[PDB]
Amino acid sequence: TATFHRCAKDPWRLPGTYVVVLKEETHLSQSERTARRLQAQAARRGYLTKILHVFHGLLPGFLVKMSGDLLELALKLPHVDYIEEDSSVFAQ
């Protein structure tokens, strides 16, 4: 059910930083647990991950600094709605 998305404008793309967006009614406790689960499953595969921020208030989820290789593993995690690769925004 979970899908991956990245910016269509290739020079504006920021690989290595991902926004994991969870289901509409996912609670903050579940969001943090899903982030720690990702870190645990990624540590077993020999990959180092960093949870930069945990989202709550508007959308449930978290900001993770990890290798793209873990995306398939991350899309399989519970409560995951979609994952988006971070991208640049510019002053108009």
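So that there is no doubt, residue numbering starts at 1 and follows the sequence shown.
Practice task
Determine, for stretches 38-46 and 60-68, which one has the higher mean CA B-factor as deposited.
Solution key: Comparing 38-46 with 60-68, the higher average CA B-factor belongs to 38-46.
Exercise for the section: For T3, return the chain-relative third of its C-alpha B-factor as stated in the PDB record: lowest, middle or highest. Expected result: Tercile = middle for this residue's CA B-factor.
Practice task
Compare the C-alpha B factor of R13 with those of the other modelled residues in its chain, then answer lowest, middle or highest third.
Solution key: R13: CA B-factor falls in the lowest third of its chain.
Practice task
Would you mind checking where the Cα B-factor of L73 ranks among the modelled residues of its chain, as the lowest, middle or highest third?
Solution key: It belongs to the highest third of the chain when residues are ordered by C-alpha B-factor.
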